[PDB]
Every structure is written in structure tokens, then in C-alpha cells.
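Only one structure is covered here, and it is reproduced in the block below.
The values are calculated or read from the model by the stated rules, or taken from the named source; no laboratory read-out is quoted. Cβ: placed from backbone, ideal geometry, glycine included. Neighbour counts: every protein chain shown.
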6 protein chains.
Amino acid sequence: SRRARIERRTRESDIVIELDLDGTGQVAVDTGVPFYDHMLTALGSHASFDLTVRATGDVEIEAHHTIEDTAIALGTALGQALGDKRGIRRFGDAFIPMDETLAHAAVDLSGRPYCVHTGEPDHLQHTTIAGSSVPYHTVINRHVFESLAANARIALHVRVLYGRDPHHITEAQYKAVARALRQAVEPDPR
Amino acid sequence: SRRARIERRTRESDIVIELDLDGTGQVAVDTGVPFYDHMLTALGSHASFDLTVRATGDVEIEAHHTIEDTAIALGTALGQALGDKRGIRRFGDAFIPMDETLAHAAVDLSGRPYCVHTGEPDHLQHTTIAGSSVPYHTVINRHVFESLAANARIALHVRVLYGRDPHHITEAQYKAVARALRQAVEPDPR
Amino acid sequence: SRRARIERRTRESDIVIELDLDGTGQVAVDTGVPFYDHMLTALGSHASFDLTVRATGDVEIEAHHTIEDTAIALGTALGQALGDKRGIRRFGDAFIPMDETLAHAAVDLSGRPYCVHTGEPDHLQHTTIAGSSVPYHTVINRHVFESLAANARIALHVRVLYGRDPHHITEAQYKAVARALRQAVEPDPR
Amino acid sequence: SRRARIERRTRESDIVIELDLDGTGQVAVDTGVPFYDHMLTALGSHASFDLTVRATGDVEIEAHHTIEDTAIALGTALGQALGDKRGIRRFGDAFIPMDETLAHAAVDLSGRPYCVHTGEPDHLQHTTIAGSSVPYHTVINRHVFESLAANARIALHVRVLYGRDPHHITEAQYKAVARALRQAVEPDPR
Amino acid sequence: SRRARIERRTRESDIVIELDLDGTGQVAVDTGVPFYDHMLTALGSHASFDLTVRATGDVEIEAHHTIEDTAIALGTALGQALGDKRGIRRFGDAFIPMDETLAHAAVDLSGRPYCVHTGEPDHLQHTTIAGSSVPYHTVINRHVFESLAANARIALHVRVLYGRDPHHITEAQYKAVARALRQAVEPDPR
Amino acid sequence: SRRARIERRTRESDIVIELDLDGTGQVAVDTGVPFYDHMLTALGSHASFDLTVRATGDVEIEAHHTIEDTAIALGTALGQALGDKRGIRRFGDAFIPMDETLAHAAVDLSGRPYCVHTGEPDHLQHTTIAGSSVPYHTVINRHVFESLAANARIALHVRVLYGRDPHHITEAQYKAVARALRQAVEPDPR
Ligand SMILES: [Mn+2]
Ligand SMILES: [Mn+2]
Ligand SMILES: [Mn+2]
Ligand SMILES: [Mn+2]
Ligand SMILES: [Mn+2]
Ligand SMILES: [Mn+2]
Ligand SMILES: [Mn+2]
Ligand SMILES: [Mn+2]
Ligand SMILES: [Mn+2]
Ligand SMILES: [Mn+2]
Ligand SMILES: [Mn+2]
Ligand SMILES: [Mn+2]
């Protein structure tokens, strides 16, 4: 009923998205950026979507292009699956405690495209989360949320109230967005 | 079941209110202050009330008296329709993103009459929203919320977290109050 | 006994005042500036005067000239009605609470002409109170009180202790002056 | 003529009030909070009311609930005894010197419910007045005045100009309110 | 009924006071300090007392001793004339505008002896008011009020809200005290 | 289904807890610290738990040990009743307006044990709430929330946005925690 398949071929990347709004958290993500995969899996699971993401891009340069193209495509998919947006709650919000971190997200699904991102500590502008593969630079977080909001055509406010660890700060934000979205897309019985 | 009709004749104004708490957003407002009508329509619609407001007053002087008398009457109507307040959720809260603005409202329907209004930028104390008719001075916003809280006998906290445009700041507040109220008045299944 | 009729024809305006100090609050004011009419009605009523004011002036330019000429004429009328000022209380003072606002006025009816106006918030220097007709600029408040004091030949101190809303701040001042005057003009039984 | 009897049974407390506005200072107060009794006796005496207060409540927890319920009931009684408020002075004010302390109160009996409480030193937010029984926390002072104003439906401004001793600061305020009220409720011969 | 005659012989001075509280402003003062005479005449007149003061002292040294002894004696006279203080208003207050100056006094006639003097500009600590005879140093003002309060056994608060001219500041204070006293000593019809 | 009985014998105290998560607000608390009883009753009622608490301890020393042991035991009971935490909402949050106070709590029931307590005014570090029995020191509030979070093994964030009265600040926090918990423990229909 509320599904979408989006294919996006750029020079930098090739993306396929499959999205079902009324899912059970069946998620499979593979972008070539493992930390981003972890974040998108959290997003899909906590939003209770069914989500498949397959992306290959120029990760030799860095993750930026792949991360950005995926967020654009995912936003487009969300917009298409939403459709006319009839009989939904429309507004949603969620607080996410994650150890010392507290994050908040609020959404308006019918409101004009807009993104406000506040409260993130200054060291996240140059922090890197690195494992055995392509690293993730936390400066991209804002870029991801802006891209989603612009392509889904929604109002999205994301706040970090406080926090220290960049893994916790980042993960809390992705989960807050997911749970705000989940509440907003649900049918309203009025 | 939860209805009220209030008539209020003062020297300044004459008001009739009809309110149904368990409505479908059937709203008709005419006060002679078009921007106030827009705000009250948002209130009634987003609260899912059925609301009819008819007001005539001394708008040649300014909107103040009409705006204030209407808010007093509407508060009285809300109080009467609430009744004994049995088996309701009682507490309600809502975040409203509106472009760059974010507003929040929290209510306690059984709590003693109280109003706290914080966060509004300083230029709203002397801003005017003007069209082709009677203008609206945003300094009145606090007055409207205080009057409602006092006459409905409820605790009402309204916060502006941030924002720039006075139309957005004002509208976000009215909508936040509406959605907080909607949540609070709903039957609690416990 | 204590009555006065004053006619004042300038290039800007034409004014007629009728004043009885020992009245019952029978007041009729028409200046072409509705908010000023509201303020002068409050003045006459709360002072327990009988007061008729009829003024036409160059309101196409703005209210300034009409407001100023009326205040000058009203001051002259007050002075004439007071006469020799024999056996009156002479000193009067009053506090006026008006919602969040508190204003104070003190008068000496035999004291030399003087006016001190303090405590008014800075935004009142450029605030406008506007309805469906000629607006009122709150910067004129000081001008009105100075003009009255100068032409009645009295000492008049007006203070705003605190306040927010310009309608409340302005109305509180007019009422404070009225009640200070009422106390001062009353016969002293000593 | 201007009398009221109010009974108020809550879970926390049980209150009976008997109030005559046109009394001779015949006062009998018993709440189980001796310092509060002293304050209410001062109130009734200095206002020239006849006042009987009988209250029992959960003083094992603390005085808060009993003090608050009594103030609510007393406000209700004042409102009822006032009635239509015809031919009264309406405005009243009083300065109370008490050793080093100076307090002031101003009232408008027909003005909309409002309370402003300013000037109290910061140490009164955590000061206790303790004898051989249930103590009194001076932080409650504001709560008492707000409750009275809200339930009597009057404008009440209470200011402490300066002072040091908490017994003097508290007692001065109660007496200032009493004498402001006394002036306001008196018949106006105009 | 309320009269007193006080004789006070010190090494510095010899004083005779005759005071009637229920007078018509029949005042005759001669201390050898002309400006002080002017001030005491204002006091007696505005309080509506009948007052005779005759004082000779060591004015070759300066006015201090004469001014102080007279104030002590006058306080004693006021105390004696007051008597048991039965059926009086007890509390009194007055605002005195004098050109640019505004002064205030509040009294409690049954309250314990106390004097608070605030608001006087700093240049009054070394200002002199000089004519053709013995000059008056405005630093003495506080001393005069303290002495009166201590010997009459009353609470007396004197405030200067603002002002510039030392003659106006001083005279306003003496008149404020007089009118506060007048109100307080009057019979209370309750 | 979701019940727990916990017995805890220390040297300082002896505690018995009985907890049902799926209750109707049937609460009975007796610790020997009346204000704490009031707070725990609010907790149990607003969380819609069925809760029996029986505690005796060394209250002659002070409440600390009894308050702490009870919170530890209650946390343990909550943890046991939660069990595997299958099919619950997991996240919960609530705003509580209480007169001038606004408090907020957010919980993650599966998140690692953590407690963050922010926003409480500084005077609560040395404020006492005292009645006719064992008093309550508000400095303990943080200790209570930390103990609960540690023994239930949950993430608990408690914030005071603003407030003045210590009774209101404290009660608002306990109620916020209760309503956050209520939301989190409820079955999730997804
Ligand atoms: Mn980019
Ligand atoms: Mn992780
Ligand atoms: Mn108003
Ligand atoms: Mn709009
Ligand atoms: Mn001019
Ligand atoms: Mn008005
Ligand atoms: Mn309370
Ligand atoms: Mn005492
Ligand atoms: Mn000396
Ligand atoms: Mn002079
Ligand atoms: Mn401990
Ligand atoms: Mn309580």
C-alpha cells in the first residue's frame, strides 16, 4: 500500500532503495560504509519500516558522495511511499536517551521542506569514527538530515540536548528521527 | 456529551461560543479580527474540536478587547465541556515545527490554573501582523494564553524554543496548545 | 459651582470642553481618535467628573495635533474649574494595578506647574495601538501629561513601576492620574 | 449582608471558612500550623473582617497542602461575600512599616485575576520559621497570595521594598494585603 | 484632649514645646535657625497641628545642638499627646511632589521605635542652605527624623524617590512626614 | 504476569516491596518518612502500578538510609517484573507542569544502566521539607533516581526546565518518572 522502489544512478554512485512504511523492521543495508550501514539499520528498525538499501560508490575518494546520494534517494523513497498523506498523524516527536547523551527529533510530514540541526558539540565537526574499512566523519550528520528532509519534503528538527561520545551522539540522532517518523506516518483514527 | 454554549455580553463586546470536545474539526470563527480568526481556526481544527465562534466588539479602538473577551469565553466553554474530568488522560504535550520555528506546549487539565509563557523573541512585544482590515499585535499572544488557562482552570505551559518569523512563531504556539489539549482530553483506557 | 467651558480654535483643530469637577462620571468624548476617546473616558469616569469633549482636527496628517490641542484645552478647563483652590485636599495619589502592569500618579494642585514621567519601557517610544481608524502612538503619552500639567498649573508625577502590554501601561497611567486628581480636588474637612 | 460560609473537603484537608466583610476584627483561626494562624489572624484583624477558620490536614507530610487549601477556600469566601461589587471603592493600597521592613500591597477588586509578587530577598526561598510544632517555609508566601487572588478573582500586587528579618517580611506582607483589601471593599459615597 | 507641654533644659539649649494634635495649623516657631523654623512650620501646618516652639541654644558653635534638642523635645511631646493611642488609624503614608522632587513617608504609630532614611542624593551629606543668619546643613535631616522617631516611639520610614534641589528635597521630606502623621493620628471609625 | 516481591534486610533497614506493572493504581506505602510516602504514592499511582511498600529503618539518624534502601529495592522489583522485556514500547517520556514548575523525564528500558539529573536549582542542595515527623532533604532526589536506574538497569534522564517551590519541583520529578515509565512498559502492537 505504502511502498516505493527508487533507482538512482549518478557519476559518483549507483543506488537502489526499497521501502515499505508499514513493515516489521525487516532491514538490509549495504553501502560500503559500515558505520553508515549501522546507522541506516537503526533508522529502518526503530521506524518499523521494511527497508533494503544497496549502494556502490567512489569510496576510494571518501564516503561523502555515497552517504549523500543514499540520503537523497531514501528521502525520495519516503516521499513517494507517503503519497497524498491522507489520514495520518502528520506530527511526530521522540526523545532518545543513550547513556550520557539525550537527543530529540520533531517532524511535520505535511509541512514545507525544512531542516534545523542544533546542539551538536563542536568537536563533531572534525571527529572520525573509524574501523577496519571506510571511515565515517560526523560532520556529515547534518548533511544527511538536510538531504532527507529536502527530498522527502518534510519539516525535520533534530536537537542534541547534551552528550559526549560521538558514537552515542550520532546513533541517538538517527534513532530519534526514526521514532519521530514512525509516530507521524501512523494512521490517525479521527 | 462534552458540549458547551457560552454567551458573554460586555460593554466592549458580545460573544457566542459553541464547543464540542469530541468533534471532527468542524470550525467556524468570525471575530472581526481576521488573523485571530485564522489562529482560532487552527486551534479548533488541530484540537479536533467542533467550534463555532461569533464575536462583535469595539475594533475601532483596537482588537485587544475583542481578542481578550473571546479567549475568556472560550476558556469558560472549555471548562464547562470538560465537566468532572473523569477518565481522561489529563496530561498532554506537543512539539510543532513550522519552518525555522519550534514551539512546545504542555497541559495539566486537573492542575490548578496557571500559565507560563517563555522563549518568545523580544521583537514580538512590538510586532504587528497587518492585512486589509483590523491588525493583530503579537504582544497579545501571552494575554490570550493566560486568559484561556485562567477561565478553563488548567495548567498551561507554552515555550518557543527558537524562531524568527512572527506569523510562524504565533501560529506554532496556537497549534501546539491545540495538540496538547487534544491529547489531554482523550479518554484514558486504564 | 466648579464648572468650566473652554473653546479652542487653532489652525490644526477646533475643540470644545465642558467640565464639572463635582460630577457622577457622566462622560462623552469624541475627538476622531478612538483609542484617545477610550483613554479620556477612563480619565473622566475614574475622576468622577462630568466631562464632554468634542474635537475635530487634521487627523489625515496624524493624531498628534488633535491629541495635543485637546490636552491643552482640558488642562485649561481643569485650572478654571479649580478656581482659588480653597479648602481642598490639594495632594492626591493613586496606584493602579492592571494585570501585569502597576502605575502610580501623585499630584499637588497648588504646587507650581511641573511634570515628571518615569519608568515607561523603551518600546513605547515606537509602539502603535491601531484599530480600524486613526491609530495612537504611545510616544505621545508623556506629551499628553506634560500639556495637562502645564495648562492646569499643577505638579504631576506619573510612574510606571513595571508592565509589558502597551494598552495596559497606557490605560493604567490615565486611570492613575484620574484617581490622584479625584482625591486632590475633594473638600478637606479641616 | 456581605457574608459567606465555605466548606472544602479534599483528600489532603478539610476546611470551613466563615467570613463577614463588615466586621469588627472578631477572628478565630485554627489550621494546625501556628505561624500561619498568626498570619491569618493579622489578615482578618487588620482588614476589619470577622473571620473564623477551621482546618485539619496532612501536616505530618508538611504544611503546604493545608496552607494552600485554606488560601483557596478563603479566596472563594472573599469572592462570594463581595458579590456584584456594587458601589465599592474597588481600588485599595497600603504601606506597612515593620521595624527595618517596608511592604506594599495594591488591589483592584473588579480587575481580572492576577498576582504579582516582587522584592522578596532570595534567602526567603529556603528560610523556615520554626517553633514547637509544624514549621512554616517562607517560600510558600507567593503561593498563598497567588491562590487568594485566583479564587477571589482580583488583581493583587505585593511588593517588599526592603527588609531583613523573615518574620517581619512575612507579617508585613499579610498586613499590607489586609489594609489594601479593607480600603477597597469599603462603600464609595459617589 | 490630645495636648502636651514639654520643657527641656540642657547645657547646650533651652526648649519649650506646646503641641495640640487636633489643631487647625496655628503654628509659631522660633529656634534661632531660620531654615529649621521654615521646616518646622511646614511640619506643623501640613500635619494640621497647633504647635508653638521656642528654643535658644549655642548657635555660635552651630545649629546641630539646637536642631537635635528641639527634635528630641518635639518627639517627646508627640508621644505624650498620643497617649494610649486608642481608636486611631495608626498607619499613615503620603507622597509629596515638589517640582522635580518626589518624597514619601510611612508611619506606624504603635510600632516599635525605628527610623529608615533612604534615597537622598550624596551631595546632601555636605550641602549647606545659607541665608543672612545661622545656616542649615542638610546632613542633619536624617538626625532630625531619627530623633523624632526615637522619642515619639514610632516607626518612621522616609524615602526620596528622586530630586535635585536641596531646598526641595528637604522641604518635601518634612511635608511627607507631616501628612503621614496627620493620617495616622486621626480617629478610626471602626 | 509482570509481578515481583522483593525482601531486603540490611543493618540500617528492613524492606518489603510488592509490584505489579499491569495495575490500576492500587498503592500503599509506609516507610516512616511521610513526604517520601507521598512521593512514592504519586509514583505508583501515575505509573498505573499496583504497589505495596513496607519499610522500617534507622530514622532516628535520618531518612537517608531508609530512602536509599527503598529505592534500591524498588529498582530491583521493577527489573524483575520487567523480565525479558519482550514486545514493549521500551522508550517513554513525559512533561509534568506543576504550577510554576515544569519537569521532564525520558527512559530507555533496554538501554544500559545510566542516570542523568539536570536543571535543579541550587537551593535544593540544602532545602528541607519538614512536617510533624521525620523531614525530607531535597538533596536526596538525585540519589533516589540514580539508585532506581542502577538496580532496574535502565537509562533514566530527569530534567527540571524551571521552577521555584521545592515541593512542586520534587513532586513534578517523581510524576514525570512515573509517566515516562508507564509509557515505556506498555505492550507495543508492532
Ligand atoms: Mn555534499
Ligand atoms: Mn552502535
Ligand atoms: Mn487586557
Ligand atoms: Mn498562516
Ligand atoms: Mn507636539
Ligand atoms: Mn482598554
Ligand atoms: Mn502547591
Ligand atoms: Mn509576629
Ligand atoms: Mn548629634
Ligand atoms: Mn521653602
Ligand atoms: Mn547514600
Ligand atoms: Mn504534594
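Taking residues in the stretch E:65-83 that are polar (S, T, N, Q), and partners anywhere that are in a helix (DSSP H, G or I), the pairs with Cβ atoms closer than 7 Å and at least 6 places apart or on different chains are E:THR76/E:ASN151. Considering the stretch C:52-68, and only residues there that are among the hydrophobic types (A, V, I, L, M, F, W, C), away from chain B (no Cβ under 14 Å) and not in a strand (DSSP E or B), the residue that is nearest to ligand 9 (Cβ to nearest atom) turns out to be C:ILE67. Looking across the stretch F:130-144, the residues that are in contact (Cβ under 8 Å) with a residue 40 or more places away in the chain and within 14 Å of the chain's Cα centre (by Cα) come down to F:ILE140, F:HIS143, F:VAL144. Scanning the stretch A:137-166 for residues that are closer than 19 Å to A:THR101 by Cβ and among the charged types (D, E, K, R), we see that the one that is farthest from ligand 8 (Cβ to nearest atom) is A:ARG142. For the stretch B:31-51, a residue qualifies if it is away from chain C (no Cβ under 14 Å) and either of a type in the set (A, V, I, L, M) or within 16 Å of ligand 9 (Cβ to nearest atom) (or both), and the qualifying residues are B:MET39, B:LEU40, B:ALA42, B:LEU43, B:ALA47, B:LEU51.
Condition check ((1) assigned by CATH to the domain that holds B:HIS137; (2) of a type outside the set (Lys, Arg); (3) more than 30 Å from F:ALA176 (Cα to Cα)) across all residues:
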position	(1), (2), (3)
B:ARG5	no, no, yes
B:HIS38	no, yes, yes
B:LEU51	no, yes, yes
B:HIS64	no, yes, yes
B:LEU74	no, yes, no
B:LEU78	no, yes, no
B:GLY83	no, yes, no
B:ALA106	yes, yes, no
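Which one of B:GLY83, B:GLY92, B:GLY79, B:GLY75 is at positive phi and more than 14 Å from chain C (Cβ to nearest Cβ)? Sole residue among the options that is at positive phi and more than 14 Å from chain C (Cβ to nearest Cβ): B:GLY83.
For (1) within 16 Å of ligand 2 (Cβ to nearest atom); (2) under 26 Å from B:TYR162 (Cβ atoms), each residue gets a yes or a no:
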residue	(1), (2)
A:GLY57	no, no
A:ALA71	no, yes
A:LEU74	no, no
A:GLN80	no, no
A:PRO97	yes, yes
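Taking the stretch F:86-115 as the range and being farther than 30 Å from D:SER147 by Cα and among the polar types (S, T, N, Q) as the test, only F:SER110 passes. Just one residue in the set F:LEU161, F:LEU156 is within 14 Å of chain A (Cβ to nearest Cβ) and either surrounded by fewer than 24 Cβ atoms within 10 Å (Cβ to Cβ) or aromatic (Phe, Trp, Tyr) (or both); that residue is F:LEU161. Taken together, the residues in the stretch C:112-151 that are aliphatic (A, V, I, L, M), buried (at least 18 other Cβ atoms within 10 Å of the Cβ), out of contact with any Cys (no Cβ under 7 Å at 6 or more places or on another chain) and within 13 Å of another protein chain (Cβ to nearest Cβ) amount to 5. Residues in the stretch A:20-30: is at least one of a type in the set (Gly, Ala, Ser) and either within 16 Å of ligand 3 (Cβ to nearest atom) or within 14 Å of chain B (Cβ to nearest Cβ) (or both)? No - not one qualifying residue is present in the stretch A:20-30. Contact map, the stretch A:1-14: first residue without any contact (Cβ under 8 Å) to a residue 24 or more places away in the chain, second residue surrounded by fewer than 10 Cβ atoms within 10 Å (Cβ to Cβ), Cβ cut-off under 6 Å, separation 6 or more or different chains; the map is empty. The stretch A:72-190 holds strands (runs of 3 or more DSSP E) entirely within its bounds, and those carrying 2 or more residues that are within 29 Å of F:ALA184 (Cα to Cα) and aromatic (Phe, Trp, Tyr) map to A:91-98. The single condition from (1) under 17 Å from A:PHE145 (Cβ atoms); (2) without any contact (Cβ under 8 Å) to a residue 40 or more places away in the chain; (3) hydrophobic (A, V, I, L, M, F, W, C) that A:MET39 fails is (2). If you go through the stretch B:62-87 and keep only what is among the hydrophobic types (A, V, I, L, M, F, W, C) and either in contact with a helix residue (DSSP H, G or I) (Cβ under 6 Å, 6 or more places away or on another chain) or surrounded by fewer than 20 Cβ atoms within 10 Å (Cβ to Cβ) (or both), you end up with B:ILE67, B:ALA71, B:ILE72, B:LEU78.
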